[PDB]
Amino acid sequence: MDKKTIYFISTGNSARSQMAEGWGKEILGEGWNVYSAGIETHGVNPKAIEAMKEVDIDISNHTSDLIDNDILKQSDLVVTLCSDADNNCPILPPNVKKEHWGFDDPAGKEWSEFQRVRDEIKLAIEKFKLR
């Protein structure tokens, strides 16, 4: 069986979706291709990079990207991480499944908020893998 595709979408492909891609690559790497995008691109949040560094994952090489139609069409699962993404997610192909795993926006907050969200995302992806 060929690897499946999971697409994490958020508001600015800066924190939540970047950490989800980071965790996804490691946790789901054997059976999935992992991508992330945002309704807008704010670049990779510095605190999100620091947060992943604490768990020995480098996401400073990630890119902040807008939603790509080609990736959507080939996605097995699209996961929206916030209301903005969920409400503004472009129309998906009829056969593509979509789920909303909401996480708080750590933007403008202390280091600790990124640590908290980082780990809530980790748990969600770990559970997903064991479905």
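A residue's number is simply how far along the shown sequence it sits, counting from 1.
Per-stretch averaging of Cα B factors for 102-110 and 89-97 places 89-97 on top. Once the C-alpha B-factors are averaged per stretch, 23-31 and 46-54 rank with 23-31 first. Taking only the listed residues 59, 72, 37, 79, the entry reports the highest CA temperature factor at 72.
Ranked within its chain, residue 124 lands in the lowest third, by CA B factor from the PDB record.
Residue 11: CA B factor lies in the highest third for its chain, per the PDB record.
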